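Residue numbers (the authors' numbering), protein chains in the order written: chain B, 389 to 443; chain A, 74 to 150, 159 to 267, 278 to 503. Beta carbons: idealized from backbone N, C-alpha and C, even for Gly.
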Amino acid sequence: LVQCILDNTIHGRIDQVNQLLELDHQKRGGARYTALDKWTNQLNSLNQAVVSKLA
Amino acid sequence: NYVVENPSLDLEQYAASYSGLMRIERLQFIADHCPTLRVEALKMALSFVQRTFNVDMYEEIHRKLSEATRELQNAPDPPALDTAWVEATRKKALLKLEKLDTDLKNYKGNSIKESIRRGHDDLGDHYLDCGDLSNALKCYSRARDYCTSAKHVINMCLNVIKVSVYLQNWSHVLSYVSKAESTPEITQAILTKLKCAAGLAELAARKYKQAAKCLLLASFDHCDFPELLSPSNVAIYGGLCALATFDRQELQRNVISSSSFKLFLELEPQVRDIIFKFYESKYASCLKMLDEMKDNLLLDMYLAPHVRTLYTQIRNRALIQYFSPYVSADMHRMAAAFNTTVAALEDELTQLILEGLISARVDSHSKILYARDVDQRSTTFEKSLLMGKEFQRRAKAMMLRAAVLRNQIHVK
Numbered sequence: 389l390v391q392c393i394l395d396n397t398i399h400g401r402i403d404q405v406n407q408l409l410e411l412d413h414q415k416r417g418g419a420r421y422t423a424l425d426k427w428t429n430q431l432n433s434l435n436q437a438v439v440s441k442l443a
Numbered sequence: 074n075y076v077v078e079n080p081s082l083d084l085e086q087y088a089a090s091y092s093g094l095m096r097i098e099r100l101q102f103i104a105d106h107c108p109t110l111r112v113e114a115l116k117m118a119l120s121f122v123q124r125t126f127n128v129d130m131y132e133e134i135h136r137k138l139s140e141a142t143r144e145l146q147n148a149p150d159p160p161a162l163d164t165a166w167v168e169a170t171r172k173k174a175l176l177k178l179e180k181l182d183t184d185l186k187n188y189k190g191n192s193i194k195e196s197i198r199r200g201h202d203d204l205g206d207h208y209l210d211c212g213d214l215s216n217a218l219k220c221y222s223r224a225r226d227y228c229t230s231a232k233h234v235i236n237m238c239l240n241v242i243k244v245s246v247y248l249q250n251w252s253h254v255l256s257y258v259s260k261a262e263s264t265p266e267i278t279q280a281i282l283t284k285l286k287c288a289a290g291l292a293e294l295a296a297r298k299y300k301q302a303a304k305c306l307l308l309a310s311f312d313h314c315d316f317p318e319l320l321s322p323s324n325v326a327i328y329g330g331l332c333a334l335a336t337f338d339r340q341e342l343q344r345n346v347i348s349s350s351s352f353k354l355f356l357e358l359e360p361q362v363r364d365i366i367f368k369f370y371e372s373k374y375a376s377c378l379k380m381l382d383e384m385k386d387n388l389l390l391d392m393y394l395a396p397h398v399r400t401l402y403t404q405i406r407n408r409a410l411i412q413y414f415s416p417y418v419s420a421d422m423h424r425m426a427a428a429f430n431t432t433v434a435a436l437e438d439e440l441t442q443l444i445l446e447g448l449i450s451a452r453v454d455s456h457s458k459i460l461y462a463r464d465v466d467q468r469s470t471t472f473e474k475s476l477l478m479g480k481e482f483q484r485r486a487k488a489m490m491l492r493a494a495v496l497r498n499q500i501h502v503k
């Protein structure tokens, strides 16, 4: 199981305490809020730098 | 720093594998950094330094051997240099050098570029044997001018690379490696020697990612390369740097695809097991072999400072990969995945979380390491609110600036 996860064939981790294999179901359907946040922060820092340089 | 005490080095093989001034430098550092074995290391060093008419470093080595022998004469309660060598060595060294100099200067009156280049290279080789670094460089730096063919350029690059390693002018090595590689249209494996020199120079220049990449491209067909670095240390140099920088999939591809590092790993089965244990998540056996590799290779020339940083990186990377496929990772089991204690791992884990790239939370109650999977949206909203607050503050600042500039408010 460890080898399979490290090969990116398994989307999940292992609970060795309880002898359990928890797999990430990745049902959130996101990965777009991350792009929105990156865009927001990058362009707002961009605007702040532009305003500071122009002032 | 270094100069630690540890036994079991094989002096005969390490001295015989290398040859030249590189061997002379290797014997001196090994003697200087490995006590309780410095005498035989110095005795073998001086026995080889007197060959090829050395002058200045001989006095330093003879003085060190004289001190070492004097120390041996007081513990279980100094050799003569035979200064007849000085009379003999100087008289022979001068006469042959003057004869060679007379020929080259006459050849300079004959005006042949290749002959001038070849003679200057011979003068540089003699000066290096005599123990004259800068003198060889100027001879080599006059041979660089009179080049005619691509092979002449390659020989010119190799000589400058060899000298600048002793001079520790690694910038000149890297510049000549780039010149020798990029220029002539990127059985005689010439690029392999250049890649080996670049990897050693980069590693001595505190570089690991590019040095391992260059070392992995080195073909084993080069075989005998004792003027710079032995194949045994080359495999070790590549393996340690690859383990510290190359990730799992990066490691697996590069080692297998090269097919020459597999031969290199055959030369050093210890690092081969270390990499294999690293792949199979057996870091307990991986690191205990690493500590065994620590003492045997911390008395190495260009490794001793860098190996400690490399080993520290290896320990960090091993911990990161181990915890990655774990949700409720028991810190007892993670501690049991090495010879470390529970408290020591907890301190190491806490340091890794502070630095980062482990993304975990420590539950000291049951001593279980729980991975952190924060909601993207909550963090996004928090930092967006912070950005809005900062934007409002900066807007207030700009409005105040405009107000004070419009009203001409300034200290006179």
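Only residues of its own chain outside the window of five on either side were considered, and among them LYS286, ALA289 and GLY290 have a CB closer than 6 Å to the CB of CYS305(A), listed in chain order. Counting along the chain, no beta strand (DSSP E) covers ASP464(A), and no H or E run does either.
In the three-state scheme derived from DSSP, where H, G and I count as helix and E and B as strand, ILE393(B) is classed as helix. DSSP, reduced to helix, strand and coil, places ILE402(B) within a strand of the structure shown. For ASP454(A), the CB contacts under 7 Å within the same chain, skipping 5 residues up- and downstream, are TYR461 in chain order.
Close partners of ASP364(A) in chain B (Cβ separation under 9 Å) are lacking, with about 17 Å as the shortest Cβ gap.
Bounds of any alpha helix (DSSP H) do not take in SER419(A); it lies within the beta strand (DSSP E) bounded by 419 to 421.
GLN404(B) sits close to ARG424(A), with the two beta carbons spaced by under 7 Å. Assignment of beta-bridge partners to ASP454(A) by DSSP yields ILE459(A). The shortest C-alpha to C-alpha distance from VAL439(B) to any of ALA488(A), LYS503(A) and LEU181(A) is the one to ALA488(A). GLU410(B) carries a strand assignment under DSSP once its states are collapsed to helix, strand and coil.
Assignment of alpha helix (DSSP H) within the segment 180 to 242 of chain A, counting only whole runs of 4 or more residues, yields 194 to 211 and 214 to 224 in chain order. Cβ proximity to chain B below 9 Å picks out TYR370, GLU371 and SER372 from the segment 362 to 395 of chain A. Ranked by how close their Cα comes to the Cα of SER215(A), the residues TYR227(A), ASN240(A) and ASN236(A) have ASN240(A) in first place.
Here the alpha carbon of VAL433(A) sits roughly 11 Å from the alpha carbon of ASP421(A).
Taking a Cβ-Cβ threshold of 9 Å, the residues of chain A close to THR422(B) are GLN467 and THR471, in chain order. Taking the CA atoms as reference points, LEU178(A) sits about 16 Å from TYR221(A). Within its own chain, the residues whose Cβ lies closer than 8 Å to the Cβ of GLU383(A), once the five positions on either side in sequence are excluded, are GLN361, listed in chain order. Residue-level contact by beta carbon fails for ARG484(A) and chain B, as no gap is shorter than 7 Å.
In its own chain, leaving out the 5 sequence neighbours on each side, no residue places its CB closer than 7 Å to the CB of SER457(A). Its Cα nearest to that of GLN412(A), the residue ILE449(A) stands out among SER376(A), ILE449(A), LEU401(A) and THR431(A).
Between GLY205(A) and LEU185(A), the C-beta gap is not smaller than 7 Å, which leaves the two residues out of contact. Between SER433(B) and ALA443(B), the alpha-carbon positions lie close to 15 Å from each other.
About 15 Å separates the beta carbons of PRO317(A) and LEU358(A), which is beyond the 8 Å limit, so they are not a contact pair. Within the segment 397 to 420 of chain B, contact with chain A at the beta-carbon level (separation under 9 Å) is assigned to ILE398, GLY400, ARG401, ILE402, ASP403, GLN404, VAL405, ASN406, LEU408, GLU410, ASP412, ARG416, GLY418 and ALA419.
Within its own chain, the residues whose Cβ lies closer than 7 Å to the Cβ of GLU410(B), once the five positions on either side in sequence are excluded, are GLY400, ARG401 and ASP403, listed in chain order. Per DSSP, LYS415(B) is not a residue of any alpha helix (DSSP H), being assigned neither H nor E.
Note on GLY447(A): under 16 other CB atoms within 10 angstroms of its CB, so exposed under the neighbour-count rule.
For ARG136(A), none of the residues of chain B pass the 8 Å Cβ criterion, the least Cβ distance being about 55 Å. A residue is called buried when at least 16 other Cβ atoms come within 10 angstroms of its Cβ; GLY479(A) does not meet this threshold and is exposed. Setting aside the 5 residues that flank it on each side, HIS253(A) is surrounded in the same chain by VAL241 and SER245, each with a C-beta closer than 7 Å to its C-beta; the list follows chain order. At a cut-off of 7 Å, the C-beta of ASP454(A) has no neighbouring C-beta in chain B. Per DSSP, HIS313(A) lies in no alpha helix (DSSP H) segment and is marked neither H nor E.
In the three-state reduction of the DSSP assignment, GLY479(A) falls in the helix class, which pools H, G and I. Contact note: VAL390(B) reaches chain A through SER372 and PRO416, using a C-beta cutoff of 7 Å and chain order. Between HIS313(A) and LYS284(A) a beta carbon distance of about 6 Å is seen, short of the 8 Å cut, so the two are scored as contacting.
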